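**Student:** based on what follows, work out the 3D shape:
(one chain, ligands or ions: 1)
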Amino acid sequence: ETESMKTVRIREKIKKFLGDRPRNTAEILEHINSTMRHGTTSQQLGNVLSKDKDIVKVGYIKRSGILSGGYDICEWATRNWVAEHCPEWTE
Ligand SMILES: [Cl-]
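**Tutor:** Numbers count the residues shown, from 1 in each chain. Provided below are the atomic coordinates:
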């Protein structure tokens, strides 16, 4: 019922989802929100992903344009996935 309990539940779902390969924030949000009653927002999810040390940011695209407006897309992986697939990587 608590916000922490929800956040813990969300973290476990995200980690399972990211098991196979890295995914972008939009894909993660769609997955999470497809399997929870209320789910979360892209802003809140970004915070959760950043705060969870088991889930690491592996890429980014930022777009800006006089027509595009601006947006970012971030790519995330589990730390263990990175350790296994990029064994020269460190942070
Ligand atoms: Cl929920």
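
**Student:** for stretch 8-23, buried residues please.
**Tutor:** Across stretch 8-23, burial judged by 16 or more other CB atoms under 10 Å covers 10-11, 14-15, 17-18, 22-23. Using the backbone N, CA and C atoms, a C-beta is placed for each residue, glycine as well.

**Student:** let's have those residues in TSV, adding secondary structure.
**Tutor:** Listed next are the buried residues of stretch 8-23 as TSV, based on DSSP: H, G, I helix; E, B strand; the rest coil:
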residue	secondary structure
10	helix
11	helix
14	helix
15	helix
17	helix
18	coil
22	coil
23	strand
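
**Student:** of these, which pair is most distant in space?
**Tutor:** Across the buried residues of stretch 8-23, no pair lies farther apart than 10 and 22, at 17.8 Å, counting by CB to CB.

**Student:** and the strands in the protein?
**Tutor:** 23-24, 55-65, 69-78 (DSSP state E).

**Student:** outside of the second one itself, list whatever touches it.
**Tutor:** The contact list for strand 55-65, computed with CB atoms under 8 Å, 6 or more residues apart in numbering, reads 11, 14-15, 18, 22, 49-50, 70-79, 82, 91.

**Student:** just the buried subset of these, please.
**Tutor:** Listed as buried from the contacts of strand 55-65 are 11, 14-15, 18, 22, 49, 74-79, 82; burial here means 16+ other CB under 10 Å.

**Student:** would CSV of these with distance to residue 61 be doable?
**Tutor:** CSV is the format used below for those (distance: CB to CB, whole Å):
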residue, distance to residue 61
11, 24
14, 20
15, 23
18, 18
22, 13
49, 16
74, 8
75, 8
76, 13
77, 16
78, 21
79, 22
82, 19
